[PDB]
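Rule-based calculations on the coordinates, nothing more; no lab input. So basically every Cβ, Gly included, is an ideal-geometry build from the backbone, and we count neighbours across all protein chains shown.
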Amino acid sequence: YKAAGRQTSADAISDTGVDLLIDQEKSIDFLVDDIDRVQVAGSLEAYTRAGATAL
Amino acid sequence: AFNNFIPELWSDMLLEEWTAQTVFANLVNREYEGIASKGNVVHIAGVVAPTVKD
């Protein structure tokens, strides 16, 4: 304020910004064959849990 | 006289295609169906009978 004589004038304010882009879209997609579902030793629902764990 | 009011009719029942009588599935052994609810091979074992001694 002292170097300015004793003058003051008002500045314009401004902003910065960043974009959160929601640009990721990812998928799981697999077949459970009915012949395999019948012929295997037990439940295949562990593959639905594996798909969820992968995402 | 009635050129327009005598109906032609359609049977509501389809006539079956004849094919041939199936017999073999009743004539062969079916006991291995129970164990075979899973897997892709059934192993069937037979007895070798013990021999008779004098």
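Considering every residue within the stretch B:21-36, establish whether at least one is surrounded by 10 or more Cβ atoms within 10 Å (Cβ to Cβ) and not aromatic (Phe, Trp, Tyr). The answer is yes; a qualifying residue exists. Can you find a residue that is aromatic (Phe, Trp, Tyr), more than 14 Å from chain B (Cβ to nearest Cβ) and either farther than 30 Å from B:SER37 by Cβ or part of a loop (DSSP other than H, G, I, E, B) (or both) anywhere in the stretch A:21-32? Yes, the stretch A:21-32 contains at least one residue that is aromatic (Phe, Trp, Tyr), more than 14 Å from chain B (Cβ to nearest Cβ) and either farther than 30 Å from B:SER37 by Cβ or part of a loop (DSSP other than H, G, I, E, B) (or both). Taking the stretch A:33-53, which residues are in a loop (DSSP other than H, G, I, E, B), within 14 Å of chain B (Cβ to nearest Cβ) and surrounded by fewer than 10 Cβ atoms within 10 Å (Cβ to Cβ)? If the condition is that a residue be in a loop (DSSP other than H, G, I, E, B), within 14 Å of chain B (Cβ to nearest Cβ) and surrounded by fewer than 10 Cβ atoms within 10 Å (Cβ to Cβ), then A:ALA41, A:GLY42, A:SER43 are the ones that fit. When the stretch B:14-54 is limited to residues that are within 14 Å of another protein chain (Cβ to nearest Cβ) and polar (S, T, N, Q), the one that is farthest from A:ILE35 (Cα to Cα) turns out to be B:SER37.
Just one residue in the set A:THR8, A:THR16 is within 26 Å of the chain's Cα centre (by Cα), assigned to a loop (DSSP other than H, G, I, E, B) and among the hydroxyl-bearing types (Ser, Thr, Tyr); that residue is A:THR16.
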